Structures are given as structure tokens and as C-alpha cells.
Amino acid sequence: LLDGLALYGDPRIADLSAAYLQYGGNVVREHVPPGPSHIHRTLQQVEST
Amino acid sequence: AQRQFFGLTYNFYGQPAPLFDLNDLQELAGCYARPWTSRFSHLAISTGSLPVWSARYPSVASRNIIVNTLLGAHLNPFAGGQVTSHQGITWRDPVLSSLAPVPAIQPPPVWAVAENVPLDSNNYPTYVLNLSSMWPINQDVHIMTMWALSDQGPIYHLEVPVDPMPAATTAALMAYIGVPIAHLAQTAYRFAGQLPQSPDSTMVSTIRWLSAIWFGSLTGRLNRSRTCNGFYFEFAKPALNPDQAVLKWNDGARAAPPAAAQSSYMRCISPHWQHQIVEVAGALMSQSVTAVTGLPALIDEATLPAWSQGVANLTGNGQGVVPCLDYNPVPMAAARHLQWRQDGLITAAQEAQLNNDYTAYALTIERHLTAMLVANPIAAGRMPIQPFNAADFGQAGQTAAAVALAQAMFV
Amino acid sequence: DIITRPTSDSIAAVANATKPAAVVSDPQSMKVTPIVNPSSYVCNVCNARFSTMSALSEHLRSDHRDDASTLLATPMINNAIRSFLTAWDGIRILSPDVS
Amino acid sequence: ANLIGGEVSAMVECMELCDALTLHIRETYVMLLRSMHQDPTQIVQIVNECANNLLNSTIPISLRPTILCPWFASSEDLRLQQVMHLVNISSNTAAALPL
Amino acid sequence: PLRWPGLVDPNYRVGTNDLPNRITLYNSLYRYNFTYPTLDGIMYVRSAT
Amino acid sequence: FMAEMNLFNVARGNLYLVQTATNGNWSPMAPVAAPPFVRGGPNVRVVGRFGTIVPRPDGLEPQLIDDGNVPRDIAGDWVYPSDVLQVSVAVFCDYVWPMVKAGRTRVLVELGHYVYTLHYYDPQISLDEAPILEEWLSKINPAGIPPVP
């Protein structure tokens with residue numbers, strides 16, 4: 001489900017992104033910011049209280 | 001709960017008698033020969049998205065129109081205090097469960113034909129006694145009145161308070177994420193239909209907000225970049241599924257509440273509504289709220305047709321008289337697209353395309369209706385669709401004021 | 001019960017004398033077959049064929065029950081698709097897994 | 001009583017022994033599920049489009065007030081899911097061959 | 001009484017609560033009765049011509 | 001051959017299906033009156049290319065999808081291209097055909113040429129043609145059709 005983030009690389013993630021490099025030096029990068037979560041909101045509420 | 005209501009019957013368009021026949025009275029979609037709580041029975045079970053219509057019910061509004069005309073001939077108890085019969089047909093019982101041929105024992109007096117008769121529930125005392133079982137009559141009569149008052153499209157009411165949306169309503173609202181508007185209207189109709197409800201209620205306030213939210217999204221003022229309270233209505237491309245607008249919740253920005261309380265009456269000023277589902281859904285949904293809570297205030301007579309001038313408990317021209325705005329869908333769509341590009345959801349090139357698509361789509365609606373009218377002349381005896389003139393498709397109405405209200409409403 | 005005093009014999013004899021048959025064997029018959037086929041029964045919502053009215057009644061009494069049946073928690077939740085019917089040859093396909 | 005499904009209401013509003021915090025969690029979970037809700041009527045169009053209009057289909061369904069079909073997912077979720085696939089594969093790229 | 005406003009307060013709005021500061025024990029809520037449909041369909045193939 | 005095809009048990013033109021209860025003479029292979037509801041006539045509907053049908057709730061009877069991709073009322077006049085029939089005989093046999101037997105609708109089957117077959121009967125005794133047709137329908141499939149009786 002999420003293992004690759006822990007098993008390989010640095011887990012300190014910020015915002016995932018994938019890209020490909022063209023020989024002409026141009027870089028095409030596609031960000032994938034997550035959509036509106038719901039559990040995160042209530043979790044932050046739980047922490048606050 | 002509300003214990004009294006008022007109403008008004010339809011107006012004959014020069015014809016001498018109410019415009020329906022016995023077969024119409026025999027082919028209602030609900031229980032046999034009863035008009036109550038039947039305005040959605042023809043689509044309780046559905047498949048696909050195609051609108052449902054037939055040879056003698058050729059428009060989405062046709063069935064409701066027929067039902068309204070049908071009721072006009074049998075609502076005498078709320079005017080004359082007595083049950084009557086018309087063409088040998090009357091109610092089974094004083095509770096008005098359903099219609100049936102007159103029995104040959106104690107035939108009730110024959111109804112005298114008339115139009116636009118004002119209605120008052122207090123003329124029929126048994127209604128108060130049997131309120132728990134006669135409740136759906138309240139909703140349907142109110143709905144009929146809200147349509148009878150207009151020559152061009154059903155009238156309904158909008159309002160937004162100065163306070164933010166109360167928490168209790170938010171709890172109820174979330175049950176309806178991702179459901180299209182038509183389904184919501186069906187649910188709203190069922191709610192106010194079965195049992196009596198107090199005007200104060202979480203559910204009542206919930207639906208009222210829904211009506212406001214949808215209008216805000218209809219103008220494009222409310223969108224995924226500017227939500228009411230996280231809520232807004234999503235839209236599909238008009239070139240396909242032009243009506244499958246659904247409710248969405250989002251974590252984005254919220255519009256600030258208005259400076260003062262806003263409220264107005266609304267109407268569609270063009271015949272397009274007769275075959276466009278969303279207009280019917282929005283109108284019925286708003287009317288459902290007014291049905292349980294009654295009319296907040298009298299309606300302005302100024303822009304209404306002749307027979308609607310000065311109805312006792314309905315229309316007026318005094319001080320506490322809420323004005324009524326009207327609009328045309330096509331310019332409304334143009335405004336909605338303009339809001340989207342201003343808010344940056346789309347580029348101007350798309351906005352030009354969307355207007356072309358919608359105008360083409362609207363043209364088919366006009367072309368369908370105008371051809372359907374000549375197929376069902378009103379002089380035949382029944383009025384499946386409301387008459388109109390070709391120029392009525394081009395009227396802009398008060399559309400500019402309408403979008404101005406929404407901008408003043410959600411800010 | 002209620003009394004059933006039998007009638008007089010003569011009246012009974014006269015009545016029984018005049019009793020034409022109800023149905024006769026007439027070649028000319030303007031016969032007409034039933035409008036609806038009585039040999040098979042189809043579920044109006046899933047088009048499953050059946051041999052008798054009883055079987056069809058039970059099928060809809062099980063497969064097409066829209067009851068809010070249980071105030072207790074439902075033991076299971078099914079997937080979206082249960083089955084499909086191919087019209088061109090009347091073959092029903094079952095989801096490899098609906099549960 | 002509201003939205004009575006014949007015998008039973010679709011949802012009720014009651015007050016009882018209940019702590020706000022747990023309630024807040026429960027409500028959000030409901031909001032999550034409803035966010036996944038899909039209108040069933042659109043399925044037939046989805047099928048017809050996915051079939052490149054080689055198939056035409058009909059799926060009747062009753063429309064009750066409370067009805068849940070948690071089948072929808074935004075493009076963002078899928079795009080994120082795709083990226084997640086690359087990450088989990090990263091240690092052994094050869095694992096993608098079975099696709 | 002601070003933990004029971006929904007029970008002993010005449011000025012208690014429905015559904016309100018001061019979650020970030022303290023926890024109340026008696027509150028108003030919605031209980032749902034969702035329905036989970038299943039689909040059976042018929043598909044038709046396009047004619048030859 | 002194109003002028004004498006009948007001698008090879010091959011007929012040309014379309015096929016009609018209308019409930020007719022005659023008492024006198026009958027001559028299906030040589031009609032005397034002009035055929036009704038020729039294609040393109042008033043209130044004449046042609047089926048959609050899929051031959052699909054749609055149900056309706058609470059009393060409303062089903063509707064048929066025409067070429068314009070619009071549901072239409074079953075009663076009336078209809079036109080069936082043979083191919084549509086070959087892929088939708090089942091639904092036809094279940095919904096349309098009973099209405100035909102009720103005499104509430106008329107169907108024109110479009111098929112340029114076909115093999116026909118005859119069945120003679122004594123005009124004196126009673127007869128009903130429906131079972132023969134119902135059998136003939138039962139043997140149609142996407143592959144082929146039996147000769148017209």
C-alpha cells in the first residue's frame with residue numbers, strides 16, 4: 001500500500017512528482033498534489049483537542 | 001406544524017372548461033386515480049439519462065401540468081366548503097383518498113365550472129381534524145398555486161440569512177454528496193409529502209440552503225474556487241449530459257456571508273423550462289420548502305400576468321412585498337461561463353466554445369417544443385404543454401438583475 | 001347454516017328438461033391463441049425465464065427485494081455488478097465475484 | 001419521522017450519550033464515503049462509452065433517498081495511485097512484466 | 001455541568017460544541033440507514049448493417 | 001433469373017405482419033390492395049440500430065428506441081430491418097409480438113429477397129396462423145433465418 005516510501009529512498013516526503021528528461025535539455029515534470037483528504041482534517045482536530 | 005394554507009386554481013386560456021380528459025385521469029403514474037404525491041412516480045425507477053416522455057405526455061413538465069389542470073376541477077371543498085362532482089367523478093371519501101365514479105346513493109351536487117378560484121383550507125373543517133392523513137394535500141395544492149400564478153414558468157423563492165450555515169444543517173447536508181439535482185428534488189418532494197412537519201426543522205433549513213446553493217452555482221457565482229460552506233454544484237459539458245449537475249463538497253475557499261438578509265422570488269421567463277429537467281427540479285425543490293413553511297411574504301404583482309393581479313393571500317403591491325425576478329437560461333449560461341473564466345477555471349477560447357454548444361443545445365429544445373405545440377393544439381381539449389409565442393424564446397427578462405442578486409447573495 | 005328447503009319436483013323436472021350444453025365441438029371455431037405466451041415467465045427486471053408463476057414470484061421475492069430489511073447491520077456488501085444478460089442469445093453472465 | 005421507506009425512516013436525528021470527539025470522527029467518515037458516491041444511473045453511459053458504442057445496455061434501478069454506491073474516484077487519486085505504483089516497483093523494475 | 005451542555009443548558013443549539021477546548025459527553029447526532037444496491041443489466045449488440 | 005425468380009422459390013420485396021381476421025378469400029402472395037404505412041409515411045417509425053427497449057415504472061408501459069435514438073411508444077406502425085431482428089428477436093418476441101396479436105400495432109420487416117415456403121390448409125375448418133409464425137421467430141438467430149412461411 002505504502003511500503004516503497006519506507007523501504008527505499010528518504011521517507012521525508014513533501015509532494016510527489018514524476019518527470020522525464022528529453023535530450024534537448026527540456027524537462028517535463030508532472031506534480032500530483034493529493035485531493036482533499038478527510039481523515040487528515042479530523043486527525044488534526046484530535047491532536048488539537 | 002402549519003395548520004392553514006391558501007391557493008389558486010389554473011386559468012383557462014380562453015377555453016371554456018379545464019383542459020384534461022378522463023384518460024389522463026386514468027393514466028396517472030401513482031396509485032390508481034389519485035393525484036396526491038405522484039409528481040415523481042413516473043421516474044421512481046430509472047435507467048440511463050434520457051428524459052421520459054410519451055405521445056400524449058410529450059414534455060417533462062407535461063405530466064405535472066395535466067395534474068395541475070386536473071386538480072382545478074375538484075378542489076371545490078377549499079372554496080365552497082363542499083365536495084362536488086364533475087362529469088360523474090368525485091372523491092371516494094371526505095379524506096379525498098382518490099377519485100372514483102359517483103355512486104348512485106347520495107350523489108354530490110354538480111360542480112359549477114369556474115377558473116382562478118381562490119382557495120382557503122379553513123373552508124373545509126374536516127381537513128384540520130384529519131391533518132395527519134391529509135397532509136400531502138398541503139404540498140400539492142401549494143405546488144399547483146405556484147405554477148398557476150405564472151403564464152411563463154413556475155415561481156419559486158430564494159433566501160439567504162446573515163448568519164453562516166448552522167452546524168446542524170451541515171451534518172444533514174453531507175448525506176447528499178455526489179447526488180444529481182433531479183434526485184435531490186425527488187427526495188425533497190417526498191420529505192414534505194408524507195407526514196406533517198414543523199416549519200422549524202433541521203431538514204427544512206437544510207433544503208432551504210440547498211435551493212440557495214444551487215442557484216448560486218447556476219449563475220456560476222458558486223464554483224469549486226468559491227464554495228458556500230465547502231459545498232457547490234459541479235457541471236458537465238453541455239454538449240453531453242447537460243443536466244447531470246451534482247453536489248460536491250470541497251476544502252477550498254468559502255464565500256463570505258452577505259451584508260444583509262437576501263430573499264427574492266424567481267421565475268423562468270422562456271418556454272425552455274417545459275422540456276428542461278433542471279428547471280423543474282429547482283422549482284419543485286424550492287416550492288417544497290415554501291409548502292411546509294408557507295409563503296414568507298406576498299409577491300409583487302408588477303411583472304405577473306393579468307389574472308394574477310391582486311390575489312388575496314398571494315400577490316400584492318404594498319410595503320412588505322418581495323419582488324420577483326425572471327431570467328432566460330441562455331444568457332444565464334453565458335454569465336455562468338463568464339464567471340468561470342474570470343475565476344480562471346477556463347480559458348476564453350473554451351468560454352466561446354461553451355456558449356456555442358449551449359446555444360445549439362437550447363435551439364433543439366425550442367425546435368422540439370414548437371413542433372410539439374402544433375401537434376397538441378389547446379383547442380383539442382387537453383393542455384399537455386403550455387402555449388407560447390415564438391418571440392418568447394428570445395426574451396432576456398431580468399437576467400442581468402438575477403446574476404446581480406447572486407453576486408450580492410454570495411460574497 | 002341457513003335452511004335449504006328443496007324445491008318442488010315438477011319445477012325441478014321442468015328446469016332440468018331445458019338444459020342445453022355449454023360448449024360444443026364445432027369445427028368452425030374462429031379459434032384464437034392467447035395474446036401472451038403462457039408457457040414461459042420472465043422476470044420483468046432481470047429477464048430470467050421461468051417455467052411457472054410460482055417460481056417467478058419467488059425469484060423477484062428474493063433477487064429483486066428493495067427492502068430496508070434489517071435494522072441490524074448487514075452481514076455483507078455486494079459489488080456493483082451482479083449479472084448481465086446478452087439479449088442476442090439469452091445467455092446470462094455472472095460476475096466472477098459480487099461479494 | 002422523515003423519508004419513511006414504507007415502515008422505517010431513512011435517517012433520524014436524536015440526542016443520546018455521545019462524546020463530541022468520537023462523533024466528529026464518525027461524521028467525517030460518512031463524509032468520506034459520500035465523497036466516493038457515484039450516481040448509478042450514469043453506469044449505462046459509462047459502459048456504452050467504454051465499449052466505444054459497440055454495446056448498448058440498460059440497467060434499471062430504484063431511486064431511494066438513502067443510497068450509497070462508493071465507486072467514484074477523482075483523476076487526482078488515480079494519478080497519485082499511478083505514481084505510487086512506480087515507487088513500489090522502484091527496487092525491481094522487472095516486476096512490471098506481468099502487466 | 002460543563003461537560004453536559006446539551007443536557008442541562010436552556011441555551012443549547014443543536015449540534016454545537018466547543019471541541020478544541022473540552023469534551024462534552026451528551027450530544028445530538030444523525031443515525032443513518034443507507035442502502036447498497038446491486039445491478040443486473042441487459043446489453044444489446046449493434047446490427048450488422 | 002431476376003424476372004423469374006419465383007420459379008426458384010425466391011421472392012422479392014418486404015414482409016408485413018398485421019392481424020387480419022378474414023372470412024372469405026385470402027391470397028398473401030398476390031395482395032390486391034396497396035400495402036399500408038410504406039416506409040417514410042406518417043407516424044411510421046423505424047427501429048434503432050440496436051433494437052433495444054427500455055422499461056418504465058408504475059404503470060407506464062415500455063418504449064422502443066428508434067433510429068433517432070429516442071424511446072417511442074410501441075403501439076402504432078413500425079419497421080424492422082432484418083439485421084436488427086436477427087439480433088433482437090428475443091425482445092421482439094417478448095414485447096412487440098403480443099401487441100401485434102392484439103392488433104394494436106403493425107410491423108413491416110425489411111428484407112430485399114428471401115426464400116419462401118407455403119403451407120396449404122382447408123378453408124372450411126378453423127385455423128390460427130400465430131403458432132407457425134411463433135415457431136418461425138424461434139429459429140431466427142444472428143447467423144441466419146428460416147424461409148418465410
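So, how was this worked out
- Residues numbered from 1 in each chain as written, not as in the entry; some residues may be left out.
- Chains lettered and ligands numbered in written order.
- Part of a larger assembly, values for the part shown.
- Heavy atoms only, no water.
- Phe/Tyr/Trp six-rings, centres within 6.5 Å; stacked < 30°, edge-to-face > 60°.
- Helix = DSSP H or I, 4+ residues; strand = E, 2+ residues; numbered from the N terminus.
- Buried < 20%, exposed > 50% of the residue type's maximum accessible area, 1.4 Å probe, protein only.
- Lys NZ or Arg CZ within 6 Å of the ring centre and 35° of its normal.
- Contact = heavy atoms within 4.5 Å.
- Buried area = accessible area lost by both parts, 1.4 Å probe.
- Salt bridge = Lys/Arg side-chain N within 4 Å of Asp/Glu carboxyl O.
- Nonpolar A, V, L, I, M, F, W, Y, C, P; charged D, E, K, R; others polar.
- 1 Å grid on protein atoms, 1.4 Å probe; cavity = no way out; pocket = protein on both sides within 12 Å on 5 of 7 lines; lining within 4 Å.
- Points joined across faces, edges and corners; volume = space filled by probe spheres on them.
- Patch = residues over 30% accessible without salt bridge, like charges linked within 9 Å, V, L, I, M, F, W, Y side chains within 5 Å.
- Areas by Shrake-Rupley, 256 points an atom, 1.4 Å probe, with all protein chains shown as cover.
- Pairing = 2+ DSSP bridges.
- Axes fitted to C-alpha atoms, helices over the stretch in contact; angles between N-to-C directions.
- Parallel < 35°, antiparallel > 145°, perpendicular 65-115°, else oblique.
- Left-handed = near helix turned anticlockwise from the far one by under 90°.
- Polar contact = N/O pair within 3.5 Å; in protein donor to acceptor, adjacent residues only side chain to side chain.

Per the PDB record, the structure was determined using cryo-EM to 3.3 Å resolution.

As annotated in the PDB entry, chain E carries the name Major inner capsid protein VP3 and comes from Golden shiner reovirus. Under its PDB header, the title given for this structure is "Golden Shiner Reovirus Core Polar Vertex".

Going by what the PDB entry lists, chain A is known as Major inner capsid protein VP3 and is assigned to Golden shiner reovirus.

**Student:** Honestly, the packing of aromatic side chains in this entry has me stumped. Any pointers?
**Tutor:** Where two aromatic rings form a pair, the distance of their centres and the angle of their planes describe that pair. Residue and element names in this part refer to chain B. Applying the stated criterion to the full structure yields 16 aromatic pairs over all chains. Measuring from ring centre to ring centre gives 5.6 Å for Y358 and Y361, while their planes differ by 65 degrees; the resulting arrangement is edge-to-face. Taken together, the residues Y358 and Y361, both in helix 11 (residues 348-375) and 3 residues apart, mark about one turn of the helix. Accessibility classification places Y358 together with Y361 in one group, the buried group. Among the aromatic residues, ring-to-ring pairing joins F5, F78, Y124 and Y127 into one connected group. A cation over an aromatic ring shows up here: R336 above the ring of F235, its NZ or CZ 5.2 Å from the ring centre.

**Student:** I'm lost on the interface of chain A and chain D in this one. Help?
**Tutor:** When the parts of a complex come together, some accessible area is lost, and that lost area is often taken as the interface size. Taken together, the contact pairs 18 residues of chain A with 16 residues of chain D. Contact with chain D buries area across many residues of chain A, yet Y8, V32 and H38 of chain A alone supply 33% of it, more than any other trio. Linking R79 of chain D and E30 of chain A is a salt bridge whose minimum nitrogen-to-oxygen distance equals 2.5 Å. Residue assignment for the side of chain A that touches chain D shows that the elements contributing at least two residues are helix 1 (3-7), strand 2 (27-31) and helix 2 (39-48) of chain A. The biggest single contributor to the side of chain A that touches chain D is helix 2 of chain A, with 4 residues. Grouping the amino acids of the side of chain A that touches chain D by side-chain chemistry returns 8 nonpolar, 7 polar and 3 charged.

**Student:** Quick question: what am I supposed to make of the pattern of salt bridges here?
**Tutor:** Opposite charge on two side chains permits them to pair, given that their charged atoms come into close proximity. One pass over the full model with this rule turns up 24 salt bridges over all chains. Where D343 of chain B meets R226 of chain B, a salt bridge forms, and the shortest distance between an N and an O atom there is 3.0 Å. On the criterion of sequence distance, the pair formed by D343 of chain B in the loop between helix 10 (329-342) and helix 11 and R226 of chain B in the loop between helix 8 (202-218) and strand 7 (231-234) is long-range, its members being 117 residues apart. In this structure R226 of chain B comes out as buried when scored by relative accessible area, which is 18%. Here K139 of chain F and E135 of chain F are joined by a salt bridge, their closest N and O atoms 3.1 Å apart. For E135 of chain F, a relative accessible area of 44% translates into the label partly exposed. Connected via shared salt-bridge partners are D21, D24, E27, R56 and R382 of chain B.

**Student:** How should I be thinking about empty space enclosed by the protein in this particular structure?
**Tutor:** The rolling of a water-molecule-sized probe over the atoms marks out the regions of remaining empty space. One pass over the full model with this rule turns up 9 cavities of 30 Å³ or more. Taken together, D24, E27, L28, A29, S38, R39, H42, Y57, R63, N64, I66 and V67 of chain B form the lining of the largest cavity. Top contributing element to the lining of the largest cavity by residue count: helix 2 (residues 62-72) of chain B, with 4 residues. Looking at the lining of the largest cavity residue by residue, the class counts come to 5 nonpolar, 3 polar and 4 charged. If you trace the second largest cavity, you find 13 residues lining it, with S82, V109, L111, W136 and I145 of chain F closest to the centre. For the lining of the second largest cavity, the element with the highest residue contribution is helix 1 (residues 82-101) of chain F, accounting for 3 residues.

**Student:** Which parts of the structure should I look at to understand the environment of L298 of chain B?
**Tutor:** Residues and elements named next belong to chain B. Within the fold, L298 resides in strand 10 (residues 298-300). Judged by its relative accessible area of 29%, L298 falls in the partly exposed class. When the C-alpha atoms of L298 and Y265 are compared, they prove to be 9.9 Å apart, with 33 residues separating the residues in sequence. When near neighbours in sequence (up to four residues on either side) are disregarded, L298 contacts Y265, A312, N313, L314, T315, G316, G320, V321 and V322.

**Student:** Help me out: how do you make sense of a nonpolar patch on the surface in this one?
**Tutor:** Residues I39, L43 and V46 of chain A together with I25 of chain D make up a contiguous nonpolar surface patch of about 340 Å² in total accessible area. Relative to the helices and strands, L43 of chain A is located in helix 2. Owing to a relative accessible area of 47%, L43 of chain A belongs among the partly exposed residues under this scheme.

**Student:** Got a minute to help me understand the sheet that holds strand 6 (residues 71-73) of chain F in this structure?
**Tutor:** Either a parallel or an antiparallel arrangement is found when strands of a sheet pair, and the pairing is made through backbone hydrogen bonds. All names here are of chain F. Pairing within the open sheet is antiparallel, and its 3 strands lie in the order 4-5-6. In this open sheet, the two strands that pair with only one neighbour each are strand 4 (53-54) and strand 6. Pairing of strand 4 with strand 5 (residues 63-65) involves 2 bridges; the strand directions are antiparallel. Directly across from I53, in strand 5, lies its bridge partner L64.

**Student:** So what exactly am I meant to see when it comes to the packing of helix 10 of chain B against helix 11 of chain B here?
**Tutor:** All names here are of chain B. In contact at an axis separation of 10 Å, helix 10 and helix 11 are set at 165 degrees when each is read in the N-to-C sense. Between helix 10 and helix 11, the angle falls in the class roughly antiparallel. Read as a crossing pair, helix 10 and helix 11 show a hand that is right-handed. In this structure, helix 10 contributes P329, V330, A333, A334, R336, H337, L338, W340 and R341 to the contact, and helix 11 contributes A348, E351, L354, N355, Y358, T359 and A362. Taken together, the residues of the contact of helix 10 with helix 11 sort by class into 10 nonpolar, 3 polar and 3 charged.

**Student:** How should I be thinking about unusual backbone geometry in this particular structure?
**Tutor:** If a residue is not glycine, its phi is most likely negative; likewise, a peptide bond is most likely trans. Unusually for a residue other than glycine, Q87 of chain B sits at a positive phi of about 55 degrees. Secondary-structure assignment places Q87 of chain B in the loop between helix 3 (77-80) and strand 3 (89-91). The phi angle at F37 of chain F is positive, at roughly 40 degrees, despite the residue not being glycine. Within the secondary structure, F37 of chain F sits in the loop between strand 2 (15-17) and strand 3 (44-46).

**Student:** How do you make sense of the packing of helix 5 (residues 131-148) of chain B against helix 9 (residues 277-293) of chain B when you look at a structure like this?
**Tutor:** All names here are of chain B. Taken N-terminus to C-terminus, the directions of helix 5 and helix 9 make an angle of 125 degrees; their axes are 9 Å apart at the nearest point. By the angle between their directions, the pair helix 5 and helix 9 is classed as oblique. Seen along the crossing, helix 5 lies across helix 9 with a hand that is right-handed. Of the residues in helix 9, those touching helix 5 at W135, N138, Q139, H142, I143, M146 and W147 are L284, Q287, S288, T290, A291 and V292. Taken together, the residues of the contact of helix 5 with helix 9 sort by class into 7 nonpolar, 6 polar and no charged.

**Student:** Help me out: how do you make sense of the arrangement of the chains in this one?
**Tutor:** The pair of protein chains exhibiting the most contacts, out of 12 pairs of chains in contact, is chains D and E. Kept free of each other, chain A and chain F leave a smallest C-alpha distance of 38 Å between them.

**Student:** Looking at this structure, I do not really get the interface of chain E and chain D. What am I missing?
**Tutor:** At the junction of the two partners, chain E supplies 29 residues and chain D supplies 33 residues. Together chain E and chain D conceal approximately 2,900 Å² of surface at their shared face, both sides included; 66% is due to carbon and sulfur atoms. When the area that chain E buries against chain D is broken down by residue, the three leading residues are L29, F34 and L39 of chain E, summing to 20%. Between chain E and chain D we count 1 salt bridge in total. Counting every contact that joins chain E to chain D gives 17 residue pairs in polar contact. Of all the secondary structure elements, the ones that give two or more residues to the side of chain E that touches chain D are strand 1 (26-32) and strand 2 (39-45) of chain E. For the side of chain E that touches chain D, a count of residues per class yields 18 nonpolar, 8 polar and 3 charged. Strand direction decides the pairing type here: strand 4 (residues 55-58) of chain D and strand 2 of chain E, joined by 4 bridges, are antiparallel.

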